[PDB]
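We count ligands from 1, going down the list as the structure has it; atoms in each ligand are counted the same way. Note that the numbering runs from 1 along the sequence shown for the chain.
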Amino acid sequence: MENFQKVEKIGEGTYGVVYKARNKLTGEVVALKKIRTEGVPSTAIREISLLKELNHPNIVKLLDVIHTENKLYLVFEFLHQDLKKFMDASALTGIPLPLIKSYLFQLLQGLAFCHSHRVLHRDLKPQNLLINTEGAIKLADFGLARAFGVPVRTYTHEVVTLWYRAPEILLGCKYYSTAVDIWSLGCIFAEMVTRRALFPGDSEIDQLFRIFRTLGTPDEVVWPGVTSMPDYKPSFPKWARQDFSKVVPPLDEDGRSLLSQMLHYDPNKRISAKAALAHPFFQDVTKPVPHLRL
Ligand SMILES: NC(=O)c1cc([N+](=O)[O-])ccc1NCc1ccc(S(N)(=O)=O)cc1
């Protein structure tokens with residue numbers, strides 16, 4: 001629209017295409033997301049509108065929600081790179097542990113803030129974690145999932161990544177809790193450390209079984225209530241749990257301890273963002289400057 005100036009097509013997300021754009025009057029450079037199909041549910045507009053007040057240094061700011069011409073555009077603060085691209089760029093050498101720790105700590109502060117305001121992300125992945133030259137990392141798209149359900153293909157035939165999905169979602173639990181975000185962040189923490197996705201499933205059952213093959217097939221002992229979950233099948237193969245020392249080497253025991261608490265099967269036992277911030281792993285946390293080529 002005439003209020004902007006499409007610089008580039010940042011890409012295509014699970015909701016629609018995103019453009020980098022400049023406000024013609026303010027000169028502000030922003031990310032503009034064109035949301036995907038009828039008359040835009042009023043329920044969704046109120047929900048989304050509430051997110052304009054969810055402001056925190058580690059949350060990508062939602063600047064405006066435009067519902068005009070019966071269309072919905074979300075205007076977000078712009079950051080130049082995402083964690084998926086940074087991890088790929090850092091693949092040869094790996095992201096230094098101090099920076100992995102800083103990013104994890106900042107992401108947990110972001111989740112702690114959102115969760116205390118009863119807002120869930122539900123679809124965290126490296127691509128929606130944005131970084132800047134100052135060493136900051138921010139969570140993008142918080143709250144969009146609620147009042148927008150779970151999609152299999154973005155807006156036009158594009159495979160939804162299941163790699164970071166918590167087991168309770170995969171087993172059909174309808175009532176997601178803040179624990180799903182801690183699970184996703186744990187998967188991302190492991191990926192930053194090993195430089196390979198932890199559970200790269202290519203189907204819902206492949207995702208579940210990859211989790212079971214690593215963490216053991218869950219049972220009533222470790223996860224009370226699991227055998228009564230909607231999609232649980234007594235026929236699931238029974239795999240033994242592997243040791244974390246083989247899962248994310250050469251991460252130290254502080255890191256393995258924290259990761260193990262972020263990947264507990266029982267969402268009720270899984271560590272909260274607030275409690276994770278107090279974990280000994282963060283005793284020596286700092287805020288390094290990443291090497292960014294833009
Ligand atoms: N708020 C955002 O800034 C931003 C928003 C979305 N989004 O809504 O889907 C995606 C990436 C973003 N930044 C990271 C980003 C920006 C530009 C490139 S590009 N076009 O130079 O490759 C890549 C990644």
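Note that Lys6 lies in the cation-pi zone of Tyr19, set by a 6.0 Å cut-off to the ring centre and a 45° limit from the axis.
Contacts of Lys20 with ligand 1, taken as heavy-atom pairs under 4.0 Å, are absent altogether. When heavy-atom distances to ligand 1 are checked against a 4.0 Å cut-off, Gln127 has no atom that comes that close, whether in backbone or side chain.
Atom 18 (C) of ligand 1 has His80 O, 4.1 Å as its closest protein atom, hydrogens excluded (heavy atom only). Looking only at heavy atoms of the protein, atom 11 (C) of ligand 1 is closest to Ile10 CG2, 3.6 Å. Given atom 22 (O) of ligand 1, the protein heavy atom at minimum distance is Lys85 NZ, 4.3 Å. Residue, atom and distance of the protein heavy atom nearest to atom 1 (N) of ligand 1 are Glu77 O, 2.9 Å. The protein atom (non-hydrogen) at minimum distance from atom 12 (C) of ligand 1 is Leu130 CD1, 3.8 Å. In terms of protein heavy atoms, atom 21 (O) of ligand 1 is closest to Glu8 OE1, 4.1 Å.
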Working for side chain to side chain contact (heavy atoms under 4.5 Å, CB included), residues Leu130 and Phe76
CA-CA 12 Å; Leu130 310 185; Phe76 289 108; over 6 Å; no

Please step through salt bridge (charged side-chain N to carboxylate O under 4.0 Å, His left out) for the pair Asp219 and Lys238, ending with a clear verdict.
CA-CA 9 Å; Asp219 58 22; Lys238 275 55 189 194; over 6 Å; no

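Protein heavy atoms are found inside the 4.0 Å sphere centred on atom 3 (O) of ligand 1.
Aromatic ring orientation, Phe148 versus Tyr15: tilted (interplanar angle from 30° to 60°). Ring orientation note: the planes of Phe282 and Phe105 are tilted relative to one another, at an angle of 30° to 60°. The aromatic rings of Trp223 and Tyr265 lie parallel to each other, their planes meeting at an angle below 30°, with 60° marking the opposite boundary.
Set against the non-hydrogen atoms of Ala31, the atoms of ligand 1 under 4.0 Å away are 1 (N), 2 (C), 3 (O), 4 (C), 5 (C). Residue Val18 approaches ligand 1 through these ligand atoms, each under 4.0 Å from one of its heavy atoms: 6 (C), 7 (N), 8 (O), 9 (O).
Contact of the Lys24 side chain with the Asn3 side chain is not registered, since no non-hydrogen atoms from C-beta on lie closer than 4.5 Å.
Taking the centre of each ring, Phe236 and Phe209 come in below the 6.0 Å mark.
In this structure, of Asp141, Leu83, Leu79, the residue bringing a heavy atom nearest to atom 14 (C) of ligand 1 is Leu79.
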